[PDB]
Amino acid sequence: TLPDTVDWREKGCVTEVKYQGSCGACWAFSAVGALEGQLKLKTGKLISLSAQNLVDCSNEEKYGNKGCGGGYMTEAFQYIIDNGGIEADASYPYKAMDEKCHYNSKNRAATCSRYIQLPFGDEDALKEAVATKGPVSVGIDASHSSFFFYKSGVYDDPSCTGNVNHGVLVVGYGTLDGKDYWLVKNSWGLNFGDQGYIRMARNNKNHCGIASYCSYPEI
């Protein structure tokens, strides 16, 4: 049986909530968050990895990422594979701007060997990954004003669609007052949601397309 409740924060696998600013780098934060979880599970050490490294160095047609113009978590993972590593946020800090790539292999802090995508729209498969693998990068439809009015409980706006536009991190799941949810880490600072987190409806027919583009890296 899978556990009825999972929270990777309680296992020390989730870093502090970040603030992406005006730069559309949610995809890079999602990607590093997933890798951070893996790095902790492999090494026992929890370290913020460099979203800026992704923004600066994967901004090319090769990857189809566009720095602050947006990108894809799986292509971030591919960049890390191709590049042989990624720096920590400490040596490559977040500027919220597209800049020249200055990755340096001597500050490598994590690697990626491969990544895994889950089947489109499969909430059961996302539950399994989250319970057995770690935090999972997902795309959601976060285009509705209600997403940002949310403060507590479980977000289940009927205006939500399956057309995803933002990368976030699922760090757990459970059931709150009878409503199944996904525990989502965003990258809009602590004043977003509930200290940077939002519970989104789970098992409601792929609500906000949360199960539509799920991935996680393997160290």
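Residue numbers run from 1 along the displayed sequence.
| request: Can you let me know which of the two, 25-33 or 147-155, has the higher average C-alpha B-factor in the entry? | output: The stretch with the larger average C-alpha B-factor is 147-155.
| task | Can you let me know which of the two, 126-134 or 93-101, has the higher average C-alpha B-factor in the entry? | result | Here the higher of the two C-alpha B-factor means belongs to 93-101.
| request: Quick one: which of 49, 168, 160, 41 shows the highest Cα temperature factor in the PDB entry? | output: Checking the PDB record, the top C-alpha B-factor among 49, 168, 160, 41 is at 160.
| request: Check the PDB entry and point out which of 190, 164, 183, 176 has the largest C-alpha temperature factor. | output: Going by the entry's C-alpha B-factors, 190 comes out highest.
| task | Ordered by C-alpha B-factor within the chain, which third holds residue 214? Give me lowest, middle or highest, please. | result | It belongs to the lowest third of the chain when residues are ordered by C-alpha B-factor.
| field | Cα B factor band for residue 202 (lowest, middle or highest third within the chain) | value | Lowest third.
| In terms of the CA temperature factor given in the entry, to which third of its chain does residue 71 belong: lowest, middle or highest? | For residue 71, the deposited C-alpha B-factor lands in the lowest third.
| request: Check where residue 109 lands among this chain's C-alpha B-factors and tell me if it's the lowest, middle or highest third. | output: It falls in the top third of the chain.
| query | In terms of the CA temperature factor given in the entry, to which third of its chain does residue 139 belong: lowest, middle or highest? | reply | It belongs to the lowest third of the chain when residues are ordered by C-alpha B-factor.
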